[PDB]
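Working notes, structure below.
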Amino acid sequence: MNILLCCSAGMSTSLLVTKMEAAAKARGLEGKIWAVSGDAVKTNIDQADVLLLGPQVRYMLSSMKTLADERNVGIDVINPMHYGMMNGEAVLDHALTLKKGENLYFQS
Ligand SMILES: [Cl-]
């Protein structure tokens with residue numbers, strides 16, 4: 001489960017990535033969880049299974065969605081409460097939900 005976060009690797013987002021990594025390890029989940037600035041998404045999206053945007057870059061969703069949909073990568077904006085309260089277990093769940101729903105047997 002590879003989870004790409006956009007669009008900054010500042011204190012807050014990086015703290016969340018660390019918490020998301022602790023949560024994934026504690027479910028013996030292998031994969032890469034990493035944050036990049038917006039200019040790096042194109043070169044990192046193919047490795048990702050899910051792309052998650054910080055609440056402060058919600059305005060980039062429409063444009064990032066076109067790319068993600070095209071690449072078969074789940075995409076969503078992180079819930080402001082999960083982000084502000086640094087709930088890594090919750091954001092990992094969000095990502096897992098996007099990936100699972102995305103492969104849903106009935107259609108797409
Ligand atoms: Cl950054």
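Convention: chains lettered A, B, ... in structure tokens order; per-chain residue numbering from 1; ligands numbered from 1 as shown.
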Quick one: contact table of region 21-85 of chain A to region 4-7 of chain A, 9 Å max, nearest atom pair and distance in Å to one decimal per residue, counting only C-alpha atoms, chain and number order, as a Markdown table?
| residue | atom | partner | partner_atom | distance |
| --- | --- | --- | --- | --- |
| A:32 | CA | A:4 | CA | 8.0 |
| A:33 | CA | A:4 | CA | 5.8 |
| A:34 | CA | A:4 | CA | 5.3 |
| A:35 | CA | A:5 | CA | 4.4 |
| A:36 | CA | A:6 | CA | 5.5 |
| A:37 | CA | A:7 | CA | 4.2 |
| A:38 | CA | A:7 | CA | 4.9 |
| A:39 | CA | A:7 | CA | 8.4 |
| A:40 | CA | A:7 | CA | 8.7 |
| A:41 | CA | A:6 | CA | 7.4 |
| A:44 | CA | A:4 | CA | 7.7 |
| A:45 | CA | A:4 | CA | 7.3 |
| A:47 | CA | A:4 | CA | 8.5 |
| A:48 | CA | A:4 | CA | 5.8 |
| A:49 | CA | A:4 | CA | 7.8 |
| A:50 | CA | A:4 | CA | 6.2 |
| A:51 | CA | A:4 | CA | 4.8 |
| A:52 | CA | A:5 | CA | 4.9 |
| A:53 | CA | A:6 | CA | 4.9 |
| A:54 | CA | A:6 | CA | 6.3 |
| A:56 | CA | A:7 | CA | 8.9 |
| A:57 | CA | A:7 | CA | 7.0 |
| said: Which of chain A end up as helix (DSSP H, G or I) when DSSP is run on this backbone - answer as JSON, numbers by chain? | reply: {"A": [11, 12, 13, 14, 15, 16, 17, 18, 19, 20, 21, 22, 23, 24, 25, 38, 39, 40, 41, 42, 43, 44, 55, 56, 57, 58, 59, 60, 61, 62, 63, 64, 65, 66, 67, 68, 69, 70, 71, 80, 81, 82, 83, 84, 88, 89, 90, 91, 92, 93, 94, 95, 96, 97, 98, 99, 100, 101, 102]}
| All strand (DSSP E) residues (DSSP, backbone) inside chain A, as a PyMOL selection string | chain A and resi 3-7+33-37+50-53+74-77
| For residue 30 (chain A), the nearest of the candidates A:62, A:107, A:8, A:2, counting only C-alpha atoms |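 So, comparing all the options, the nearest one is A:2.
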| message | What does the structure give for the distance between CA of residue 20 (chain A) and CA of residue 89 (chain A), in Å to one decimal? | response |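 Separation between CA of residue 20 (chain A) and CA of residue 89 (chain A): 6.0 Å.
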| message | Residues within 8 Å of residue 99 (chain A), please, as a PyMOL selection string. Count only C-alpha atoms; anything in the same chain fewer than 2 positions from it doesn't count. | response | chain A and resi 49-50+73-74+95-97+101-103
| message | Need to verify the contact set: residue 90 (chain A), 10 Å, only C-alpha atoms, exclusion of same-chain residues closer than 3 positions in sequence. Can you return it as a ChimeraX atom specification? | response | /A:19-20,23,78-79,81-83,86-87,93-96
| said: What does the structure give for the distance between atom 1 (Cl, counted along the ligand's line) of ligand 1 and CA of residue 98 (chain A), in Å to one decimal? | reply: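 Atom-to-atom, atom 1 (Cl, counted along the ligand's line) of ligand 1 to CA of residue 98 (chain A), that is 24.2 Å.
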